[PDB]
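K.L.:
Starting off with a structure, shown below.
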Amino acid sequence: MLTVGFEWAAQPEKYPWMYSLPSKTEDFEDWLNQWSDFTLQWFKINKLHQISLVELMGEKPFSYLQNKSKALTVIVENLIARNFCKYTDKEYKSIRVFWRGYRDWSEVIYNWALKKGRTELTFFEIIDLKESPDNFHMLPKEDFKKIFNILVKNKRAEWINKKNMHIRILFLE
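Here you go:
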């Protein structure tokens, strides 16, 4: 490795070649690996699940890229191929970065409900929390629909009222 630990992200002026898109095939693959691995870490460490591409372009070190639009579209394409990312919709303006899948979210949420003594949960009560483990309270509404389905399917919950996204927690031990 030319550089280690994404040290190029910490001081962009010292590593300016990391901010130009390379044109040679070999160089471009290795650049893309570095930025794709970085961007996955940046979302995970910031416990962020989604964000518009224009907002991403205002954040260090993405803010130092030349051809921001073209550089992000190829990084995102790479994260999609590696099964860590999806665009949010057909307008291709925002991305959803899956550094954790729904099956793991469902255990994080179940364990938190047990540890906090809750016997029922609603979507509203979760999204109105002051804070939560790994910012689960910030997951998009569609992700909650799927997480609650998983909890019910897996016998860890049952529906009190599904049209209100309201579940009862089922106890095992």
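The opening residue of the sequence shown carries number 1 in the authors' numbering; numbering runs sequentially from there.
Cβ coordinates follow ideal geometry from the N, Cα and C atoms, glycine included.
1) Determine contact between the stretch 100–108 and the stretch 52–68, defined as no fewer than three beta-carbon pairs at a distance below 8 Å.
2) Whole angstroms is fine: what's the gap from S94's alpha carbon to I160's?
3) Based on DSSP bridge pairs, tell me the residues matched to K86.
4) Any chance you could list the alpha helix (DSSP H) runs of at least 4 consecutive residues sitting entirely within the stretch 118–147, in chain order?
5) Report yes if the C-beta distance between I80 and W35 is below 9 Å; otherwise report no.
6) Helix, strand or coil, according to DSSP, for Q50 in the structure here?
7) With H, G and I counted as helix, E and B as strand and the rest as coil, what does DSSP make of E91?
8) Could you compute how far the alpha carbon of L72 sits from the alpha carbon of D128?
9) Over what stretch of residues does the alpha helix (DSSP H) that includes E26 continue unbroken?
P.N.:
In terms of the structure at hand:
1) no
2) Here residue 94 is taken as the residue at index 94 of the sequence shown, counted from 1. Here residue 160 is taken as the residue at index 160 of the sequence shown, counted from 1. Approximately 33 Å, taken between the alpha carbons.
3) Numbered from 1 along the sequence shown, position 86 holds the residue referred to as residue 86. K86 pairs with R96.
4) 123–127
5) On the sequence shown, residue 80 is found 80 positions in, with the first residue counted as 1. On the sequence shown, residue 35 is found 35 positions in, with the first residue counted as 1. No. Outside cutoff.
6) Residue numbering aside, residue 50 sits at position 50 when the sequence shown is read from its first letter. Here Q50 sits in strand by DSSP.
7) Here residue 91 corresponds to residue number 91 of the sequence shown, with the count starting at 1. Reduced to three states, the DSSP call for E91 is coil.
8) Taking the sequence shown and counting its residues from 1, one reaches residue 72 at position 72. Taking the sequence shown and counting its residues from 1, one reaches residue 128 at position 128. Distance between the alpha carbons of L72 and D128 is about 32 Å.
9) As a first step, residue 26 is located in the sequence shown; it is residue number 26 there, counting from the start. First-last of the alpha helix (DSSP H) with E26: 25–45.
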